Amino acid sequence: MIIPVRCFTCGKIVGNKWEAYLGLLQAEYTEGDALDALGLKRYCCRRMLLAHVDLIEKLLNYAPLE
Amino acid sequence: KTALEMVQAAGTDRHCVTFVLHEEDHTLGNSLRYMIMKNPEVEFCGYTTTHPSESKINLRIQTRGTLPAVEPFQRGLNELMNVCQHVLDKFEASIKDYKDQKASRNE
Amino acid sequence: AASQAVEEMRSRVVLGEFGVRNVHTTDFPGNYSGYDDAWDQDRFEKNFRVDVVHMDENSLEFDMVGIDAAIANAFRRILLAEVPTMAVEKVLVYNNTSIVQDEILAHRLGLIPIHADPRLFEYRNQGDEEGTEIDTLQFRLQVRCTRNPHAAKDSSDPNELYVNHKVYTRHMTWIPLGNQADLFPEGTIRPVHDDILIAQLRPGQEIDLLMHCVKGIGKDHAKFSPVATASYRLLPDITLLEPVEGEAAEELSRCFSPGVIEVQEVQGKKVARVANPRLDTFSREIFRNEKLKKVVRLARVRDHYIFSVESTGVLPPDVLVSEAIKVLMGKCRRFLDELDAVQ
Amino acid sequence: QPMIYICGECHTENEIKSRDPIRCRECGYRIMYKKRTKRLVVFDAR
Amino acid sequence: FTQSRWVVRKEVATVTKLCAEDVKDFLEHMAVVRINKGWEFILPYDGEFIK
Ligand SMILES: [Zn+2]
Ligand SMILES: [Zn+2]
């Protein structure tokens, strides 16, 4: 649904990387260059952002609102 | 309430005794085993965790002559304490020196 | 001869093509005939040394020379799962109206690192859920999402339609308890990161809750650990048995990481030299090259450990390592006092 | 005093407190949801 | 696109205030991506005066 705070395997904080990752992708980067720019080295951490699906954006469109 | 138990062998005169340490695991077990094995009066020394669902280790000592196994145990603990103290001193000194050099280099 | 074979067997870990060799430790009295291995305190203190090679905020790398794996691994395990920190433990929630469930939201709040110093608080006793100023901290989170009155007609950008539609970790306000307001100056108690996204709202929805923070260790729950990852590795030492000249020198330099091997001109022809072996990852690619399999030897020094501690932000890493060293002293002191009491 | 059910479509508070058949007061919708509780609940962040 | 051969602006959303996805859809019909160089017109110039 929403980005997890910490990488499962090693415990690094990745919860604050989502907006920056999307911004760097928006700048015509590639995923490799973006992930290296954010500083995620161990491949146990790169999959935490490279394989995420953001369902909360789609779910909130069905949520009640005024 | 007690965290240590000594259970002697079947019929041996206190030179074959198992020490049951409570709320411990490999962190102390392996270091203590290493330190005890260095003592040339020890014939056999090893530990084992009883069960994954329990917090214990069974350290075993068998001394060569007749001296009771408690003395090697106490010696090993003391030597380990001294080792860690010395390591702490050296590490702190080195960190402080490097920080001083950083504060005195590039300015 | 037997002398150098035994020396290599007792001082080097040899990386073969199919398996590591000489993995164990054999420096105990009686294992080798020519030597003596009884514990000698002066001989230990003469040879031990520590080299700090790099350090900045939330990072540290240093070397230990002369220590053995049975002790370095104890320090590593202590670092992972016995240095105490502060983590949210109870969440009092009233009026949760977001999409995130209460249990998931509480779990998420559990994992946020806090910037308190865990050396000034005590373990909370069993029961007594209320706590007090000496063994707890408190934060309060309260945000409500509403439509932006000054929104343009575009009606397309979520950042403009709504206000406070994203709940970050900077909306948590420290609530001083007892006399803590005086001892801790303003700004010291706070979440470390300030960017972590907690949840996400739409207009009309509201989150309002209080959370209590207590002291623990990583052995209990992985949210208490102060270290992102702490590890160590043995210093590599590559050695080449015969000189390598010509294009073979370039081939050798390519079978390693960029920095370790260097090629230089001595008379007009390329000579290979192992320059900086610290940087090798041991891809073991030289065993693909048939000709060069027989001219290199791969090994690692047994009594030289290269540590790499990276903290999560609660405390600087050097302090963490100091505490890790002190914990083992604590354990052996505990057992010594116990033994004296029983005798 | 009378209890409030939120309409399932327009989300306008409605009070029934009677056997009156379910139907929204503003729109025609026929589904209602209870409001959240007022008591607090304690969770463990584990 | 009429003013310049290719549009480097990733952030057309900043000018025209739609969500980024709409901007990417709009670019998709008539443009193609060039790495670290923005978007380029999909097909090249022609001798329009021949007619
Ligand atoms: Zn990781
Ligand atoms: Zn209605």
# chains A, B, ... in the order shown; residues from 1 in each chain; ligands from 1

call {"tool": "closest_atom_pairs", "arguments": {"of": "chain E", "to": "chain C", "cutoff": "8 Å", "atoms": "only C-alpha atoms", "output": "tab-separated table"}}
result
residue	atom	partner	partner_atom	distance
E:17	CA	C:154	CA	6.6
E:18	CA	C:156	CA	5.4
E:19	CA	C:157	CA	5.5

call {"tool": "residues_around", "arguments": {"residues": "residue 36 in chain B", "least_positions_apart": "4", "cutoff": "7 Å", "atoms": "only C-alpha atoms", "output": "PyMOL selection string"}}
result
chain B and resi 32+72-73+76

call {"tool": "write_last_selection", "arguments": {"atoms": "N, CA, C and O atoms", "output": "PDB file, in the first residue's frame"}}
result
ATOM      1  N   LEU B  32      34.395 -16.974  26.033  1.00  0.00           N
ATOM      2  CA  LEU B  32      34.886 -17.633  27.231  1.00  0.00           C
ATOM      3  C   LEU B  32      35.562 -18.954  26.884  1.00  0.00           C
ATOM      4  O   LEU B  32      36.615 -19.283  27.437  1.00  0.00           O
ATOM      5  N   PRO B  72      40.189 -22.733  36.501  1.00  0.00           N
ATOM      6  CA  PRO B  72      40.255 -22.307  35.095  1.00  0.00           C
ATOM      7  C   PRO B  72      39.126 -21.374  34.698  1.00  0.00           C
ATOM      8  O   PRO B  72      39.346 -20.423  33.942  1.00  0.00           O
ATOM      9  N   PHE B  73      37.914 -21.633  35.188  1.00  0.00           N
ATOM     10  CA  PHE B  73      36.776 -20.773  34.880  1.00  0.00           C
ATOM     11  C   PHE B  73      37.038 -19.343  35.334  1.00  0.00           C
ATOM     12  O   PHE B  73      36.914 -18.385  34.553  1.00  0.00           O
ATOM     13  N   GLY B  76      39.830 -17.648  33.285  1.00  0.00           N
ATOM     14  CA  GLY B  76      39.395 -17.238  31.961  1.00  0.00           C
ATOM     15  C   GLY B  76      38.544 -15.987  31.994  1.00  0.00           C
ATOM     16  O   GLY B  76      38.711 -15.087  31.162  1.00  0.00           O
TER      17      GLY B  76
END

call {"tool": "interface_residues", "arguments": {"of": "chain E", "to": "chain A", "cutoff": "10 Å", "atoms": "only C-alpha atoms", "output": "number ranges by chain"}}
result
E: 9-11, 20, 24, 33-39

call {"tool": "write_last_selection", "arguments": {"atoms": "N, CA and C atoms", "output": "PDB file, in the first residue's frame"}}
result
ATOM      1  N   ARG E   9      11.972  20.807 -21.444  1.00  0.00           N
ATOM      2  CA  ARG E   9      11.276  21.039 -20.183  1.00  0.00           C
ATOM      3  C   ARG E   9      10.594  19.763 -19.707  1.00  0.00           C
ATOM      4  N   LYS E  10      11.183  19.129 -18.690  1.00  0.00           N
ATOM      5  CA  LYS E  10      10.487  18.080 -17.956  1.00  0.00           C
ATOM      6  C   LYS E  10       9.243  18.619 -17.267  1.00  0.00           C
ATOM      7  N   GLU E  11       9.291  19.870 -16.817  1.00  0.00           N
ATOM      8  CA  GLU E  11       8.339  20.415 -15.854  1.00  0.00           C
ATOM      9  C   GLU E  11       7.294  21.308 -16.515  1.00  0.00           C
ATOM     10  N   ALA E  20       1.807  15.221 -13.428  1.00  0.00           N
ATOM     11  CA  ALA E  20       2.889  14.796 -14.309  1.00  0.00           C
ATOM     12  C   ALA E  20       2.433  13.737 -15.303  1.00  0.00           C
ATOM     13  N   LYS E  24       3.123  13.521 -19.343  1.00  0.00           N
ATOM     14  CA  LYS E  24       3.770  12.422 -20.050  1.00  0.00           C
ATOM     15  C   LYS E  24       2.872  11.882 -21.154  1.00  0.00           C
ATOM     16  N   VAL E  33      11.570  10.136 -26.103  1.00  0.00           N
ATOM     17  CA  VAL E  33      12.505  10.459 -25.032  1.00  0.00           C
ATOM     18  C   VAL E  33      13.938  10.339 -25.529  1.00  0.00           C
ATOM     19  N   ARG E  34      14.775  11.285 -25.114  1.00  0.00           N
ATOM     20  CA  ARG E  34      16.221  11.189 -25.257  1.00  0.00           C
ATOM     21  C   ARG E  34      16.842  11.330 -23.877  1.00  0.00           C
ATOM     22  N   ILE E  35      17.776  10.433 -23.554  1.00  0.00           N
ATOM     23  CA  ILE E  35      18.275  10.325 -22.188  1.00  0.00           C
ATOM     24  C   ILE E  35      19.006  11.599 -21.797  1.00  0.00           C
ATOM     25  N   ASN E  36      18.643  12.146 -20.637  1.00  0.00           N
ATOM     26  CA  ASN E  36      19.227  13.373 -20.101  1.00  0.00           C
ATOM     27  C   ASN E  36      19.153  14.527 -21.090  1.00  0.00           C
ATOM     28  N   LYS E  37      18.187  14.488 -22.012  1.00  0.00           N
ATOM     29  CA  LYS E  37      18.075  15.523 -23.031  1.00  0.00           C
ATOM     30  C   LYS E  37      16.621  15.888 -23.314  1.00  0.00           C
ATOM     31  N   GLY E  38      15.704  15.561 -22.410  1.00  0.00           N
ATOM     32  CA  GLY E  38      14.318  15.932 -22.598  1.00  0.00           C
ATOM     33  C   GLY E  38      13.664  15.164 -23.732  1.00  0.00           C
ATOM     34  N   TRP E  39      12.622  15.766 -24.292  1.00  0.00           N
ATOM     35  CA  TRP E  39      11.795  15.141 -25.312  1.00  0.00           C
ATOM     36  C   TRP E  39      12.053  15.791 -26.662  1.00  0.00           C
TER      37      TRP E  39
END

call {"tool": "residues_near_ligand", "arguments": {"ligand": "ligand 1", "cutoff": "10 Å", "atoms": "only C-alpha atoms and all ligand atoms", "output": "list in words"}}
result
residues 6, 7, 8, 9, 10, 11, 12, 13, 14, 40, 41, 42, 43, 44, 45, 46, 47 and 48 of chain A; 228 and 229 of chain C

call {"tool": "write_last_selection", "arguments": {"atoms": "N, CA, C and O atoms", "output": "compact mmCIF listing (two decimals), in the first residue's frame"}}
result
# COMPACT_ATOMS: atom_id res chain seq x y z
N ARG A 6 11.62 0.85 6.77
CA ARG A 6 12.97 0.30 6.85
C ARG A 6 13.12 -0.88 5.92
O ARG A 6 12.19 -1.67 5.75
N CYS A 7 14.30 -1.02 5.32
CA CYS A 7 14.60 -2.18 4.50
C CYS A 7 14.51 -3.44 5.35
O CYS A 7 15.04 -3.50 6.46
N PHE A 8 13.81 -4.46 4.84
CA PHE A 8 13.62 -5.68 5.61
C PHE A 8 14.95 -6.29 6.00
O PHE A 8 15.18 -6.62 7.17
N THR A 9 15.85 -6.46 5.04
CA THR A 9 17.00 -7.34 5.25
C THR A 9 17.98 -6.76 6.26
O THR A 9 18.37 -7.44 7.21
N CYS A 10 18.39 -5.50 6.08
CA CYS A 10 19.47 -4.93 6.87
C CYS A 10 19.04 -3.83 7.83
O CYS A 10 19.81 -3.48 8.71
N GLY A 11 17.83 -3.29 7.68
CA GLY A 11 17.33 -2.31 8.62
C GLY A 11 17.62 -0.87 8.28
O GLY A 11 17.41 0.00 9.13
N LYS A 12 18.11 -0.59 7.08
CA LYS A 12 18.36 0.78 6.67
C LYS A 12 17.05 1.53 6.46
O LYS A 12 16.03 0.95 6.08
N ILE A 13 17.09 2.83 6.70
CA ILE A 13 15.91 3.68 6.54
C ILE A 13 15.76 4.03 5.06
O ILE A 13 16.62 4.71 4.49
N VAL A 14 14.68 3.57 4.45
CA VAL A 14 14.35 3.90 3.07
C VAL A 14 13.01 4.60 2.94
O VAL A 14 12.57 4.87 1.83
N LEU A 40 21.85 4.19 -2.28
CA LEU A 40 21.49 2.84 -1.88
C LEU A 40 22.44 1.86 -2.58
O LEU A 40 22.31 1.63 -3.79
N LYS A 41 23.37 1.29 -1.83
CA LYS A 41 24.43 0.46 -2.40
C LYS A 41 24.10 -1.03 -2.37
O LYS A 41 24.15 -1.69 -3.42
N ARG A 42 23.78 -1.58 -1.21
CA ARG A 42 23.51 -3.01 -1.12
C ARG A 42 22.27 -3.36 -1.93
O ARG A 42 21.24 -2.68 -1.82
N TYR A 43 22.36 -4.42 -2.73
CA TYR A 43 21.21 -4.81 -3.53
C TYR A 43 20.04 -5.30 -2.69
O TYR A 43 18.94 -5.45 -3.22
N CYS A 44 20.25 -5.58 -1.40
CA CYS A 44 19.12 -5.86 -0.53
C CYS A 44 18.29 -4.62 -0.25
O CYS A 44 17.19 -4.73 0.30
N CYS A 45 18.80 -3.44 -0.61
CA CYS A 45 18.10 -2.18 -0.42
C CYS A 45 17.53 -1.60 -1.70
O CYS A 45 16.51 -0.91 -1.66
N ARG A 46 18.18 -1.86 -2.84
CA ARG A 46 17.71 -1.32 -4.10
C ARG A 46 16.35 -1.90 -4.49
O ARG A 46 15.51 -1.20 -5.04
N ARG A 47 16.13 -3.18 -4.20
CA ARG A 47 14.84 -3.80 -4.46
C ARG A 47 13.72 -3.20 -3.62
O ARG A 47 12.55 -3.36 -3.97
N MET A 48 14.05 -2.54 -2.52
CA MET A 48 13.01 -1.98 -1.67
C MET A 48 12.30 -0.83 -2.37
O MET A 48 11.11 -0.61 -2.12
N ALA C 228 22.59 0.41 11.52
CA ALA C 228 22.07 -0.02 10.23
C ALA C 228 22.64 -1.39 9.86
O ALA C 228 21.89 -2.35 9.69
N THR C 229 23.96 -1.49 9.75
CA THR C 229 24.60 -2.79 9.67
C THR C 229 26.04 -2.67 10.14
O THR C 229 26.75 -1.74 9.76

call {"tool": "residues_around", "arguments": {"residues": "range 63-65 of chain A", "least_positions_apart": "3", "cutoff": "7 Å", "atoms": "only C-alpha atoms", "output": "list in words"}}
result
residues 59 and 60 of chain A; 202, 203 and 204 of chain C

call {"tool": "write_last_selection", "arguments": {"atoms": "C-alpha atoms", "output": "short mmCIF file (atom, residue, chain, number, x, y, z; two decimals), in the first residue's frame"}}
result
data_model
loop_
_atom_site.label_atom_id
_atom_site.label_comp_id
_atom_site.auth_asym_id
_atom_site.auth_seq_id
_atom_site.Cartn_x
_atom_site.Cartn_y
_atom_site.Cartn_z
CA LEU A 59 -7.06 3.44 -3.18
CA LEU A 60 -7.68 7.01 -2.02
CA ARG C 202 -7.65 13.31 1.85
CA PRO C 203 -9.85 16.20 3.00
CA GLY C 204 -12.13 15.43 5.92
#

call {"tool": "select_by_dssp", "arguments": {"residues": "chain D", "states": "strand (DSSP E)", "output": "list in words"}}
result
residues 4, 5, 6, 7, 13, 14, 15, 32, 33, 34, 41, 42, 43 and 44 of chain D

call {"tool": "write_last_selection", "arguments": {"atoms": "C-alpha atoms", "output": "mmCIF file, in the first residue's frame"}}
result
data_model
loop_
_atom_site.group_PDB
_atom_site.id
_atom_site.type_symbol
_atom_site.label_atom_id
_atom_site.label_comp_id
_atom_site.auth_asym_id
_atom_site.auth_seq_id
_atom_site.Cartn_x
_atom_site.Cartn_y
_atom_site.Cartn_z
ATOM 1 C CA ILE D 4 -26.051 9.715 13.968
ATOM 2 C CA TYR D 5 -25.515 7.519 10.915
ATOM 3 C CA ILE D 6 -23.399 8.819 8.045
ATOM 4 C CA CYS D 7 -24.999 8.487 4.625
ATOM 5 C CA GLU D 13 -25.168 13.213 9.202
ATOM 6 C CA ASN D 14 -28.617 11.671 9.658
ATOM 7 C CA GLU D 15 -30.533 10.835 12.840
ATOM 8 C CA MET D 32 -25.731 4.250 6.200
ATOM 9 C CA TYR D 33 -22.578 3.750 8.267
ATOM 10 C CA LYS D 34 -22.051 4.106 12.010
ATOM 11 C CA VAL D 41 -7.964 2.136 22.320
ATOM 12 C CA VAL D 42 -4.363 1.250 23.183
ATOM 13 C CA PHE D 43 -2.051 -0.531 20.728
ATOM 14 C CA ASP D 44 1.413 -2.047 21.030
#

call {"tool": "residues_near_ligand", "arguments": {"ligand": "ligand 2", "cutoff": "6 Å", "atoms": "only C-alpha atoms and all ligand atoms", "output": "list in words"}}
result
residues 7, 9, 10, 11, 12, 24, 26, 27 and 29 of chain D

call {"tool": "interface_residues", "arguments": {"of": "chain B", "to": "chain C", "cutoff": "7 Å", "atoms": "only C-alpha atoms", "output": "count of residues only"}}
result
17

call {"tool": "closest_residue", "arguments": {"among": "D:28, D:2, D:21, D:8", "to": "chain A", "atoms": "only C-alpha atoms"}}
result
D:8

call {"tool": "interface_residues", "arguments": {"of": "chain C", "to": "chain A", "cutoff": "12 Å", "atoms": "only C-alpha atoms", "output": "PyMOL selection string"}}
result
chain C and resi 58+80+97-101+104-105+107-113+145-147+158+162+165-166+168-170+192-206+218+222-231+310-313
